[PDB]
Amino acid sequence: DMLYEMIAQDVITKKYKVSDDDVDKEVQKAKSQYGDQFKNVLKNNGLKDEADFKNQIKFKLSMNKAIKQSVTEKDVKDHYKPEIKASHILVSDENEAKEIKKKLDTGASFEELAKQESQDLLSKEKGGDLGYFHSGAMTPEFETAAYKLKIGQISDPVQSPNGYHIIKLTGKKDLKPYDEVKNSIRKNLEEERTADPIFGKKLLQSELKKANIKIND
């Protein structure tokens, strides 16, 4: 509860050091941002006092540094892939995915079957079109299958945490040399991991485990 926080924050703040100057600068950016409302927003955010806020900022900055250091050169190389465009149909039942594949193999419209049967509300009204996306945008299971396809090829059912996908590859962009794009791949992985609560929390559990400490969620 309040103890887990202290400990979890102590492990991160001790390993990923940030200067009090950097912490105080982030604190001042919040004071000028709200002014005389600082106490209210601080109260409304459920913070004891300014000391609690500072400790929460120290944690955020240390966590940000930890997420930035979590990106290895191997991680950057593992995301060096061409941007691809694909369509998909998502269903929860594996037999339903096999029956969808059977219909597409006969010539049935991929777009119309996606509009009727896909469970993916973000793409079903576009006939299953996901548009162009980079490596790391979709689930690893989906990505692994999509990059194995040839343009126009339809996958067999692909299991992912979201259900079963029938995937059609529809586009592949030219890829610039690694040295030309590696800085941008690293920036993208840094941002995606920082904006992902699931990653930042799995990183905390692993960090406590590396320190030989077992706690409850």
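For every residue, the number given is its place in the sequence shown, counted from 1.
Visitor: Which is higher on mean Cα B factor in this entry, 162-170 or 39-47?
Guide: Higher mean C-alpha B-factor: 39-47.
Visitor: When the Cα temperature factors in the entry are averaged, is it 132-140 or 83-91 that ends up higher?
Guide: The deposited B-factors put 132-140 ahead on the C-alpha mean.
Visitor: What third of its chain, lowest, middle or highest, does the C-alpha temperature factor of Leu149 fall into?
Guide: Ranked within chain, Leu149 CA B lands in the lowest tercile.
Visitor: Which third of the chain holds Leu175 when residues are ordered by C-alpha B factor: lowest, middle or highest?
Guide: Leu175: CA B-factor falls in the lowest third of its chain.
Visitor: Looking at the entry's B-factor column for C-alpha atoms only, identify whether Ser155 ranks in the lowest, middle or highest third of its chain.
Guide: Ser155: CA B-factor falls in the lowest third of its chain.
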